[PDB]
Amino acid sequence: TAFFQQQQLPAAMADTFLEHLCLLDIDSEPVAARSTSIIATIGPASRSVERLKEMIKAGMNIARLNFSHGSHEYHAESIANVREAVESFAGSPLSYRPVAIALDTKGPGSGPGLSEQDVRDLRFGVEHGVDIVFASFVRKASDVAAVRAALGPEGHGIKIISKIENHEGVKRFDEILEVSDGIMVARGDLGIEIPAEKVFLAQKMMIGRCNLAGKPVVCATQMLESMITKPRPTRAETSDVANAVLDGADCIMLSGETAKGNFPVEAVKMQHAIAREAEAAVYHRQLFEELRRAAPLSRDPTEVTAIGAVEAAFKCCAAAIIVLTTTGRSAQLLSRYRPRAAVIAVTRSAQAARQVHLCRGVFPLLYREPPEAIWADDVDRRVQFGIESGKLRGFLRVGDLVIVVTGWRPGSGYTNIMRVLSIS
């Protein structure tokens, strides 16, 4: 078939990484959906409702609100505009794309503990329902603990992504990652605190440790910087985006390219285009083998089902792995093994649907329908919802094979079943 010369499949079947590089083809068109999420910073150039709709079409998955600048009234208005542009597509539930809201804090700024503004800003996040928090200048575990105690009673569900932007944060990394929900390689400040020529070492090390831990990792600053004023990026910029994906980053960020630049939609489209190409060029054979050898033995059925499903997906070239999820944990565990198959996550939790964008290859679907009396009937309708959406979005075709990860009883934490299905 033509199939075995599309998503860099000749290069993916190579026996060595050197042979894999030699088999990379510019004419091998990526077919799979773009898995690395795009975080776009919302500013003057992008807070228009009609502009936000354009950005969602372009591939924006997470909207970032930089709390360094702007008032609470400004940020609440930006949030409302994002939600209005997101809900304008809720008329066709088979094509609706959830979009997460992330609050990027100001920072401690030469002081002990959480700054007074950060305490006020985190309460604002709780009161406005932010899905993610990018905690600025995390240096130790206590910093993470402070950002989490700040999310008061009503906000323990918000995902804290610790921003590493100084030498101390890099040295105390393992202790930070243990208590954080993910990490952001905040390259701008990092490139000021540590020598500029050492930042790539910090990026590659942190991405690798995050991949091992199964926790999301974000590449953040100056990725397409020249696109603030120019319609096209530099050769170094497209290389940087592609290399962040190849390193193993779950998310790529635009901050200024979308916040204040002349080409915000073009920067999103560009990051989408590069990410698709870079994801097809990932050497899955070594990546999966190493992921397995490093990942410890688990007696958790969710984790055991995850490798079994990822292995099964590789064996048959599964178009997608469709997993039902309440908290997103099942989808996150599948994501850790970096399958070439899309992780279609079907969920009834609008928050979980937005928060799974932090995990690479997870494509969230929000199930809006009324429940069936028979739980088994309800599970099959949600599985069919993922198939119907996948078909519509081009992820699946009739005749394809899919892996369907489900649980034996309702409620989260009981995933234990994996099925091989033929799309009808």
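C-alpha atoms forming the largest set that superposes within 1.5 Å between two forms make up the rigid core. Just count from 1 along the sequence shown to find any residue number.
Engineer: Is 89-97 or 295-303 the stretch whose C-alphas end up farther from this model in 9 other deposited structures of this protein after a rigid core fit?
Structural biologist: The answer is 89-97, which departs more from the shown form in 9 other deposited structures of this protein.
Engineer: Looking at the entry, does 205-213 or 228-236 show the higher mean C-alpha B-factor?
Structural biologist: The recorded data point to 228-236.
Engineer: Would you determine, from the values in the PDB entry, which of 248-256 and 317-325 has the greater average C-alpha temperature factor?
Structural biologist: It is 248-256 that shows the higher mean C-alpha B-factor.
Engineer: So among 101, 179, 196, 352, who wins on Cα B-factor in the entry?
Structural biologist: By C-alpha B-factor in the record, 196 ranks first.
Engineer: Going by the CA temperature factor in the entry, name the top one among 308, 111, 125, 157.
Structural biologist: Largest recorded C-alpha B-factor: 111.
Engineer: Using only modelled residues of the chain, where does the Cα B factor of residue 368 rank: lowest third, middle third or highest third?
Structural biologist: Middle third.
Engineer: Could you look up the Cα B-factor of residue 30 in the entry and say which third of the chain it sits in: lowest, middle or highest?
Structural biologist: Highest third, going by the recorded CA B-factors of the chain.
Engineer: Please place residue 423 in the lowest, middle or highest third of its chain according to the CA B-factor in the PDB entry.
Structural biologist: CA B-factor rank for residue 423: middle third.
Engineer: Lowest, middle or highest third of the chain for the C-alpha temperature factor of residue 68?
Structural biologist: For residue 68, whose C-alpha B-factor we compare with every modelled residue in the chain, the answer is the middle third.
Engineer: Residue 74: which third of its chain by C-alpha temperature factor?
Structural biologist: Middle third - that is where residue 74 ends up once the chain's C-alpha B-factors are sorted.
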